[PDB]
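One structure below.
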Amino acid sequence: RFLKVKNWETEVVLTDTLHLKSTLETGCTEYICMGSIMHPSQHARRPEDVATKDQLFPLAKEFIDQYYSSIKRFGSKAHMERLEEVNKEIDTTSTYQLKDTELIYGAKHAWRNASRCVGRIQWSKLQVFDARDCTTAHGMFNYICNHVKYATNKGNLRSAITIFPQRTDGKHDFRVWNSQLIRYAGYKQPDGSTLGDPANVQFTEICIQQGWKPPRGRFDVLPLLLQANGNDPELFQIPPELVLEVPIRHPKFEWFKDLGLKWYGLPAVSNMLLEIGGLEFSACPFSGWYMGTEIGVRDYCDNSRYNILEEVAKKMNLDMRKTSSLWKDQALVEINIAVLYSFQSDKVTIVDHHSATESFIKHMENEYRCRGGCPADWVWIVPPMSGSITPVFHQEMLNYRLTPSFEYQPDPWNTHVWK
Amino acid sequence: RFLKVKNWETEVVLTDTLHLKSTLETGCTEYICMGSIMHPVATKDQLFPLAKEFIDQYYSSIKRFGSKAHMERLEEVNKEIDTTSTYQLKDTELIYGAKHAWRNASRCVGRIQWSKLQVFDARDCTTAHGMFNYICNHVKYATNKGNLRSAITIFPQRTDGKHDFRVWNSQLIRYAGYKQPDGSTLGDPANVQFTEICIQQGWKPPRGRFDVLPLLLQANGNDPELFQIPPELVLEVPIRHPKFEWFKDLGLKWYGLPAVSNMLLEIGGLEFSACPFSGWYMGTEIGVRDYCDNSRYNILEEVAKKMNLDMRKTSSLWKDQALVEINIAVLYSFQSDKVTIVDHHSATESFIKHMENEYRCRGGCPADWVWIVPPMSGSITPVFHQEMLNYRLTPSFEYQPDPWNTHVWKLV
Ligand code: HEM
Ligand code: HEM
Ligand SMILES: Cc1cc(N)nc(COc2cc(CCN3CCC(F)(F)CC3)cc(F)c2F)c1
Ligand SMILES: Cc1cc(N)nc(COc2cc(CCN3CCC(F)(F)CC3)cc(F)c2F)c1
Ligand SMILES: C[C@H](O)[C@H](O)[C@H]1CNc2nc(N)[nH]c(=O)c2N1
Ligand SMILES: C[C@H](O)[C@H](O)[C@H]1CNc2nc(N)[nH]c(=O)c2N1
Ligand SMILES: [Zn+2]
């Protein structure tokens, strides 16, 4: 009927009715909760390939309805024309095309709806680049460069999304094969260890296989591997002057700069699927700006990532015999101090996890005020260090799936037939 | 039906069949997940299937299912429910029930020790003085001069609801909280309400920072009664730091024995409304939650102050820096006094080992990621990366209303 969530630090109780508009399954049941499953559900809104009219149109009707409801219409002339227009369009092309307004609406609301995104207070300030006229990988390279350059903005990062042509039959997808626009290569060393970023060893090998010439450093920005209209993907090197990087140094430890660490400034997720009114935009790279922990905790300290903890602990002269000295926890703090200090010293947008989580609490409040709820994944929202000293740790959250949304999709090299 | 859980750090995949045996709700629906919600007497007819379920499972665990003894027990339980509208667990069933309620505690990271549980049967207890005696012996046994040992003491089960046994304390050892006229709090701000209840019941408070609270014990539905745990049974650890000589000057201490006492133990449909159980601490419970939660002792600013940290902006991570040192202090202090403690790294690693074993021998292990992940350094512990299925098996430990919200006072 209606569900309350409580913050146990402040005893604020919020009352959620927005979940009544939830469309697809969470993966949980009355008897089993999957809230820590990374991909709990395969409930998609349309079949795998080109859907029949009774399949795609209801999804379309729902989104147009929602969009016109959003803008204080519904039933207006333009709404009833838009329905008949989408009707005839599906009647004659098995798909339909979004107007520019609806596309901008759907992107912003997919972001707004992203229960895993702590950054959503910014949701309505999204720059939407319409790339639906794109037709070749070279055109995708042009569009993505413009995205990177606009979003980077000489460090004053700007949120943006570039939306390439929607899926038609499934054999013609546009995909950015890179999981993110800018990542560092991972190199399988002969002994068995790994140089660079271990997460990317496979993708780095597809790139080498596709003819990329690895510099074989620790921070080799990977080429783009762009696929247009289902064709074989093509490699492009992003102009280095477009890839802003921050050398990581520490405000107290002078020896820290000598770890040779740097990171890139723009986080740009490029492997997710944007779904609006039943249409599926398989190539929609979206970017914002980093939360320090993503680099300082996950990218740097995960065991199967850069794994610098013991290296930094050594330089710190920390008791590393046993776990209880908390040498890992201590170094982990210093690394995230360095990351934050470095980005701010170079005037590159970055938000610490205290500020970010605080903003999200404010966002939840706004959303419950105006929308009647805010889907949020507590497992993703709580930062990967110092969880309980951030306000979201003490904040109950309801999770549910609202459309438009960003969705996971298979890695294209698992599903692509080469030519 | 099967369900797979992945570890994204190791790629190990486990297959959960055990979830097919849960029965009460998780709180989640098919379209909403409530996995971060903290909190989401039986008739004769209701009790028979619950009883049979538990007796069936006990006899299954001991490879005696279908046996002569299984079937007579089942019939013997049915007669009791017919006669008395309830039944009595055998001692073996009580021990097994209690161990398995711990085993099934999806929020508990220390379940690798679930089968080493000392079970104190206190179902013959009739008065608050009796409960105190039992609880004193529990505390002495568990504390074991710092070599802490897991233990539960089980008092008589619910009958009509009018005769509940209750430990009104949320935990057996807690420090008192006193709000001052000026709004400030002395002691443990969490326990201010419960301290007020004791003071009203007659407890004379020392009004200090680490006053061990008195037990407030209710037997057979009667008004609860006050008892002072004998001070020699409350092992405490003064918190010092290995590096900062100044840390001892914070005057911090903590009690060695964590002993939860406000929960309900549910075995075969029977409700044991008073079942205090204890183990030993994970360091972050004290060092992160007890000390650094804002609603708690809130010593981050104090500790950061003494670290000459820049506390102007959050991005200096002064809170994270001070939190780590505090948790080092907690572990170093307990270890130096040879009082059992476990750091969150060692604890999470053992629980993964345990979880894996539980999938192998039992077909799964229900687990609450929101509670298993430590409250600091979350992703540098192995559990953060471990997918976990959450579901509710019985026997279970269950939450229950605070007794002062339900008790109807006898004394005029
Ligand atoms: C503007 C600054 C932003 C910040 C600080 C931010 C923060 C974050 C963080 C920390 C995560 C978790 C990332 C991880 O642990 O891998 C996340 C997830 C996510 N964000 Fe945001 N975000 C921002 C902008 C955006 C934008 C512009 C979009 C889309 C238009 C977006 C959509 C998402 C989605 C879909 C996820 C889930 C990703 C997944 O499931 O793998 N975010 N965000
Ligand atoms: C032996 C060492 C033990 C360790 C290291 C341990 C560790 C923990 C921790 C860290 C929590 C989370 C507590 C919180 O954040 O408030 C917890 C919860 C819990 N533990 Fe264990 N525990 C231990 C023993 C036990 C025993 C002996 C029992 C029962 C016989 C038990 C049953 C539970 C239950 C039911 C919870 C959930 C608490 C709640 O829901 O409020 N644990 N444990
Ligand atoms: C828009 C946006 C803003 C922001 N501030 N952050 C993000 C998240 O962006 C990245 C995320 C990752 C890691 C993704 N992670 C890998 C392991 C996993 F698969 F298990 C879960 C997903 C690497 C990157 F380079 C990223 F830019 C996105
Ligand atoms: C057997 C066992 C071992 C262990 N290692 N730990 C525990 C849990 O022990 C305690 C937990 C708490 C606080 C519980 N917490 C209160 C705030 C909340 F209500 F929000 C959520 C529950 C206080 C204490 F004194 C504790 F001993 C139990
Ligand atoms: C809102 C949220 O569920 C709440 O803060 C939970 C989070 N995880 C927790 N985890 C543990 N171990 N103990 C807790 O009290 C909590 N509190
Ligand atoms: C198993 C677990 O769900 C997985 O490791 C999750 C935990 N929470 C996370 N939270 C964020 N923000 N990002 C992640 O990659 C993860 N990983
Ligand atoms: Zn759930």
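Computed from heavy atoms alone, side chains included, the values below leave out hydrogens, waters and symmetry copies. The sequence lines fix the lettering, A, B, ..., with proteins before strands; numbering per chain opens at 1.
Proximity to chain A (any heavy atom under 4.5 Å) is shown, for B/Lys6, by neither the backbone nor the side chain. For A/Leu332, the part sitting under 4.5 Å from any heavy atom of chain B is the side chain, from C-beta outward, and nothing else. When heavy atoms are compared at a cutoff of 4.5 Å, B/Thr314 approaches chain A by way of both its backbone and its side chain. Of the two parts of B/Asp343, only the side chain, counted from C-beta on, holds a non-hydrogen atom closer than 4.5 Å to a non-hydrogen atom of chain A.
Shortest non-hydrogen contact noted between B/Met38 and A/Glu396 is N-OE2, 2.8 Å.
Contacts from residues 337-348 of chain A to chain B, taken as heavy-atom pairs separated by less than 4.5 Å, involve A/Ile337, A/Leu340, A/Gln344 in sequence order. Of all residues spanning residues 19-31 of chain B, those with a heavy atom less than 4.5 Å away from chain A's heavy atoms are B/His19, B/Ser22, B/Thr23, B/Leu24, B/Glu25, B/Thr26, B/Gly27, B/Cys28, B/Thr29, B/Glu30, B/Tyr31, arranged by number. Residues of residues 298-312 of chain B lying under 4.5 angstrom from chain A, judged on non-hydrogen atoms, are B/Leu300 by number.
Residues B/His344 and A/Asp329 bring a donor and an acceptor atom of their side chains to less than 3.5 Å of each other. Side-chain atoms of A/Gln330 and B/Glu325 form a donor-acceptor pair, as typed in the model, at a separation below 3.5 Å.
The greatest number of non-hydrogen atom pairs below 4.5 Å with chain A, out of B/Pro366, B/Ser316, B/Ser346, is found for B/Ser316. Taking chain A as the reference chain and counting heavy-atom pairs below 4.5 Å, the highest number among B/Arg392, B/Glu349, B/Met388, B/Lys319 is found for B/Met388. Interface remark: of the candidates B/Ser315, B/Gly378, B/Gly35, B/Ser315 forms the most heavy-atom pairs closer than 4.5 Å to chain A. Here B/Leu389 is the residue among B/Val373, B/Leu389, B/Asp368 with the most heavy-atom pairs under 4.5 Å with chain A.
Atom OG of B/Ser36 and atom CD of A/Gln395 lie 8.5 Å apart (nearest 0.5 Å). Interatomic distance, A/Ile389 CD1 to B/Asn294 CG, rounded to the nearest 0.5 Å: 9.0 Å. In this structure, the separation between CD on A/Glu9 and CG on B/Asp293 is 7.0 Å, given to the nearest 0.5 Å. Atoms OG and CZ, on B/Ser379 and A/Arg305 in that order, are 11.0 Å from each other to the nearest 0.5 Å. We find the CE-OH distance between A/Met34 and B/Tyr391 to be 11.0 Å, quoted to the nearest 0.5 Å.
For the pair A/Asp16 and B/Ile32, the minimum side-chain heavy-atom distance is 4.5 Å or more.
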Task: Criterion ring-ring contact (aromatic ring centres under 6.0 Å, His included) on B/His39 and A/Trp8, from CA distance to verdict - done: CA-CA 11 Å; B/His39 313 280; A/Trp8 289 82; 5.5 Å; yes
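Listed by chain and residue number, B/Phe210, B/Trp254 satisfy the ring pair (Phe, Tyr, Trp, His ring centres under 6.0 Å) test with B/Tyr297 (two or more places apart in sequence, or in another chain).
Within 6.0 Å of NZ in A/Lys362 there are more than 12 heavy atoms belonging to other residues, nucleotides or ligands.
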